[PDB]
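In: would you be able to build a 3D model of this:
(chains A and B, ligands or ions: 2)
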2 protein chains.
Amino acid sequence: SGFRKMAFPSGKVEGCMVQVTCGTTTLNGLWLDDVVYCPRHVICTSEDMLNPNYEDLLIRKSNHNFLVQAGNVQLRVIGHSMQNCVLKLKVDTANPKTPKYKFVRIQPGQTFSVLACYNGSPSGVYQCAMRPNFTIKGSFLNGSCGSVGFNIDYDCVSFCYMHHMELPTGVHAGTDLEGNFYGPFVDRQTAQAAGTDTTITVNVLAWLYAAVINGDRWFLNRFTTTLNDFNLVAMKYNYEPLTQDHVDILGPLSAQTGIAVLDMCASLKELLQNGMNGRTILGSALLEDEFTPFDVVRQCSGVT
Amino acid sequence: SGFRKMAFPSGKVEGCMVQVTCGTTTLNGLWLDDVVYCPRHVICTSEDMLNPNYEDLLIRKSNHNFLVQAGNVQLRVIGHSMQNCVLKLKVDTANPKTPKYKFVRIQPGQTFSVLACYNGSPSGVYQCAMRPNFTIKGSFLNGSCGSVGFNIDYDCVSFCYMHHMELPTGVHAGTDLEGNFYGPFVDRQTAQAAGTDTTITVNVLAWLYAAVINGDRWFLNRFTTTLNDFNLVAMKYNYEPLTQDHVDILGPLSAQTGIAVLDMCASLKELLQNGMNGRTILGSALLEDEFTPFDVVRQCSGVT
Ligand SMILES: *CC(=O)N1CCN(S(=O)(=O)c2ccccc2F)CC1
Ligand SMILES: *CC(=O)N1CCN(S(=O)(=O)c2ccccc2F)CC1
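Out: Residues are numbered from 1 along each chain as shown, chains lettered A, B, ... in the order given. Ligands and ions are numbered 1, 2, ... in the order given. Dropping the coordinates below:
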């Protein structure tokens, strides 16, 4: 029993983190096989960051200008290319600790673990979600760029995020490992405002299921609703619309608890309309939306 | 910027987790050097757990009855002893992945990372605190016993917790790595009620400092207070008394923000008396008490 905001074990990713230096800029790189992936803004002077022309800036860079250090050992860079907003640095040594891995581009509402690093060294691990506005709410200081987000399926690490920048509002933007930003963001020090940070409804419902499973049941009511009725209330409260696809995904939690998805919707409707009245659910005073239905099943069943 | 509930990178501890089986009971063990540490209740039938006499139960156990598996390789047990509520299984092979380590007994209010494991395999990592009632609020299913809590100082893992049991109220009790329970708890399936779970005041104040550092400042007020006045309010709200030792510990956060500790106390006093009024601090609707002042400094400064 008990339900915690839980990250994947980070060891498989720790073994992949390196330091990348170009000129006076140091940030983190991901070493998989004989390639080191890092944010392309490693080539910029903070002056360059105002309006950088990356292709033009890159012309002035040779293999030997990219200093890649794995622990206290230097890797030999034998090639470099830009793919979207990442650099791929080819090194002469395959990372001996390369896990089984995939690059995935996640959807908004999907959760992942971040291994926050500075100078290629791990400082911490925490759980995030891709927000519906394609930001993440992370913990990233100068030097953390190139830190990665991931999921693990048993022995296979799916890398989904690389950290690139902080918006003026202190929320975070980054890329998949093909260098494509989540959302409309660009690696430039310019006016970039996030859109509405809506609540991930399907994740809230998953977490309400988790609460019931773990004995927190006070919010279960006598009501049901319909997707359309629920969705009118969702809209009003800046919650994402609930689809039949979301209902289908919640089916196993429905099955386990015997609470129909639409009944749990009606409970969530009353919590939105009535608030918590000073009560808590799984030690939270607000409705948590950074657990997926898969997260709840995984944690509640003990998958390794 | 941004402030997250952050665990230590888990890799150094992942390399230490093994499976221990005695009869039909499987749980986790910690392999450091040529010793495997696990809960002594591994020797019990769930029948035994009602009123176990561990010394008597242990007489019936030989080295060869303790099945220790590290990945898919069996370790040879050449000795076993009971120390308090843990077994030490001597194996013929030093764990080649043994990190630098210490065993520490932490105080209430101190935070640590848990690597939740099943069958010696890591499932997740999350941040806990030793509650003032010597429970922890974890996430532990059957099979998770022998999972450990730890802190890392650069390269040295301080092990502070081993998971042993769930109270009827779904909170958790365990031992240090010398097998001594935190609090009054015993490894027996009996009536064990937790005392008052008080709020860790010094940690709340640390987290209020973290909020200011990260731009969440709405709760800063025009008031100050004294330790004695604050403490009258703390008592009323089931907050731990604040000592000058706590004020001293918060000094660096005071220095960095320019907010005197007693001023921040007066802010916390008004939040206790007035509530949050539907507002949030660092994305929380309640006052978070599972960050230590050291945690806030570490995360805000980017220690690896
Ligand atoms: C994103 C990231 O982690 N980095 C880019 C900025 N650099 S830096 O130019 O060295 C720097 C250092 C300190 C303050 C601002 C700043 F831009 C660090 C790596
Ligand atoms: C604490 C812990 O993780 N364990 C002790 C209980 N055993 S068990 O006896 O195998 C068991 C299994 C399933 C349900 C209850 C139960 F006690 C597992 C390890």
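In: which parts of the stretch 1-150 of chain A are helices?
Out: A:11-14, A:54-59 (DSSP state H, counting those that start in this stretch).
In: which of these is buried the deepest?
Out: helix A:11-14 (a mean of 23; mean count of other Cβ atoms under 10 Å in any protein chain shown). In this view, the C-beta of every residue, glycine as well, is placed from N, C-alpha and C.
In: quick check, the residue in the stretch 201-304 of chain A closest to ligand 2?
Out: Closest contact between the stretch 201-304 of chain A and ligand 2, by Cβ to the nearest ligand atom, is at residue A:302 (9.8 Å).
In: among the helices of the stretch 1-150 of chain A, which is nearest chain B?
Out: helix A:11-14 (3.0 Å; Cβ to the nearest Cβ).
In: the closest one packs against which elements?
Out: When contacts are defined as 3 or more Cβ pairs under 8 Å, 6 or more residues apart in numbering or on different chains; DSSP states H and E, helix A:11-14 packs onto strand A:111-118, strand A:148-153, helix B:11-14.
In: pull up the gap between the closest residue to residue A:76 other than its chain neighbours and residue A:146, please.
Out: Spatial nearest neighbour of residue A:76, excluding adjacent residues (Cβ to Cβ, 6 or more residues apart in numbering or on different chains): residue A:92 at 4.3 Å. Distance from residue A:92 to residue A:146, counting by Cβ to Cβ, to the nearest Å: 21 Å.
In: ok, residue A:100 next?
Out: Distance from residue A:100 to residue A:146, by Cβ to Cβ: 21 Å.
In: which residue is the nearest non-sequential neighbour of whichever residue of the stretch 1-150 of chain A sits closest to ligand 1?
Out: Closest approach of the stretch 1-150 of chain A to ligand 1 (Cβ to the nearest ligand atom) occurs at residue A:145, with a separation of 2.8 Å. Nearest in space to residue A:145, with sequence neighbours left out and distances taken as Cβ to Cβ, 6+ apart, is residue A:27 at 4.1 Å.
In: the helices in the stretch 201-304 of chain A, which residues?
Out: Under DSSP H, counting those that start in this stretch, the stretch 201-304 of chain A gives helices at A:201-213, A:227-236, A:244-257, A:261-274, A:293-301.
In: in the fourth one, what counts as buried?
Out: Yep, that's helix A:261-274 we're talking about. A:261-272 (16 or more other Cβ atoms under 10 Å in any protein chain shown).
In: okay if I get those residues as TSV plus distance to ligand 2?
Out: Conversion of these to TSV gives the following (distance: Cβ to the nearest ligand atom, whole Å):
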residue	distance to ligand 2
A:261	29
A:262	33
A:263	29
A:264	27
A:265	33
A:266	34
A:267	29
A:268	32
A:269	36
A:270	35
A:271	33
A:272	37
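In: closest to residue A:241 among these?
Out: residue A:265 (11.8 Å; Cβ to Cβ).
In: that closest one against residue A:228, yeah?
Out: No - counting by Cβ atoms under 8 Å, residue A:228 is not a contact partner of residue A:265; they are 10.9 Å apart.
In: neighbours of residue A:125, how many?
Out: 30 (other Cβ atoms under 10 Å in any protein chain shown).
In: surely it meets residue A:115?
Out: Yes - contact between residue A:125 and residue A:115 holds when scored by Cβ under 8 Å: they sit 5.4 Å apart.
In: and for these two, which residues touch both?
Out: Counting by Cβ atoms under 8 Å, 6 or more residues apart in numbering or on different chains, the common neighbours of residue A:125 and residue A:115 are A:10, B:9.
In: neighbour count winner among residue A:100 and residue A:146?
Out: Set residue A:100 next to residue A:146 and count neighbours by other Cβ under 10 Å: residue A:146 wins out with 28 against 12.
In: residue A:177 in helix, strand or coil?
Out: Under DSSP: H, G, I helix; E, B strand; the rest coil, residue A:177 falls in the coil class.
In: excluding sequence neighbours, find me the nearest residue to it.
Out: Residue A:177's closest residue in space is residue A:103 (Cβ to Cβ, 6+ apart), at 4.0 Å.
In: quick check, the one you found in contact with residue A:179.
Out: No - the pair formed by residue A:103 and residue A:179 falls short of the contact definition of Cβ under 8 Å, at 10.1 Å.
In: who's more crowded, those two?
Out: Ranked by neighbour count (other Cβ under 10 Å), residue A:103 and residue A:179 place residue A:179 first, with 20 against 12.
In: residues contacting the more buried one?
Out: By Cβ under 8 Å, 6+ apart, the neighbours of residue A:179 are A:40, A:82-86, A:162.
In: now the residues you listed in CSV, with neighbour count and distance to residue A:64?
Out: Below are those laid out as CSV (neighbours: other Cβ atoms under 10 Å in any protein chain shown; distance: Cβ to Cβ, whole Å):
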residue, neighbour count, distance to residue A:64
A:40, 23, 18
A:82, 16, 17
A:83, 14, 21
A:84, 13, 24
A:85, 22, 23
A:86, 25, 20
A:162, 24, 24
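In: circling back: need the winner for burial among the helices of the stretch 201-304 of chain A.
Out: helix A:201-213 (a mean of 24).
In: how far off centre is that one?
Out: Its chain's C-alpha centre and that of helix A:201-213 lie 19 Å apart, by Cα atoms, centre = their mean, to the nearest Å.
In: so it versus strand A:111-118, what angle?
Out: Interaxial angle of helix A:201-213 relative to strand A:111-118 (axes from the mean of the first three to the mean of the last three Cα atoms, to 10 degrees): 100 degrees.
In: send me helix A:201-213 as PDB with only the CA atoms.
Out: In PDB, the C-alpha atoms belonging to helix A:201-213 read as follows (Å, rounded to 0.1, in the frame of the first residue of the first chain):
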ATOM      1  CA  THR A 201      -8.100  14.500 -17.000                       C
ATOM      2  CA  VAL A 202      -7.400  10.800 -17.800                       C
ATOM      3  CA  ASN A 203      -4.300  11.000 -15.400                       C
ATOM      4  CA  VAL A 204      -6.400  12.600 -12.600                       C
ATOM      5  CA  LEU A 205      -9.000   9.700 -12.900                       C
ATOM      6  CA  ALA A 206      -6.100   7.100 -12.900                       C
ATOM      7  CA  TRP A 207      -4.800   8.800  -9.700                       C
ATOM      8  CA  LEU A 208      -8.400   8.700  -8.200                       C
ATOM      9  CA  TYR A 209      -8.500   5.000  -8.900                       C
ATOM     10  CA  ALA A 210      -5.000   4.700  -7.200                       C
ATOM     11  CA  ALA A 211      -6.500   6.500  -4.200                       C
ATOM     12  CA  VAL A 212      -9.400   4.000  -3.900                       C
ATOM     13  CA  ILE A 213      -7.000   1.000  -4.300                       C
END
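In: near chain B, anything from it?
Out: No - using Cβ under 8 Å from any Cβ of the partner chain, helix A:201-213 stays clear of chain B, coming no nearer than 9.9 Å.
In: and that helix, what does it pack against?
Out: Checking 3+ Cβ pairs under 8 Å, 6+ apart, helix A:201-213 ends up next to helix A:244-257, helix A:261-274, helix A:293-301.
In: and these: which comes nearest residue A:69?
Out: So among those, helix A:293-301 is nearest, using Cβ to Cβ, at 34.7 Å.
In: what about that closest one and chain B, any contact?
Out: Yes - Helix A:293-301 reaches chain B (Cβ under 8 Å from any Cβ) through A:298-301.
In: what are the buried residues along stretch A:72-80?
Out: Applying 16+ other Cβ under 10 Å to stretch A:72-80 flags A:75, A:77, A:80 as buried.
In: residue contacts, the residue of the stretch 1-150 of chain A closest to ligand 1?
Out: A:27-28, A:38-39, A:41-42, A:163-165.
In: how about the nearest residue to residue A:251 once chain neighbours are set aside, what does it touch?
Out: By the measure of Cβ to Cβ, 6+ apart, the closest residue to residue A:251 outside its immediate chain neighbours is residue A:261, 7.3 Å from it. Counting by Cβ under 8 Å, 6+ apart, residue A:261 touches A:205, A:247, A:250-251, A:254.
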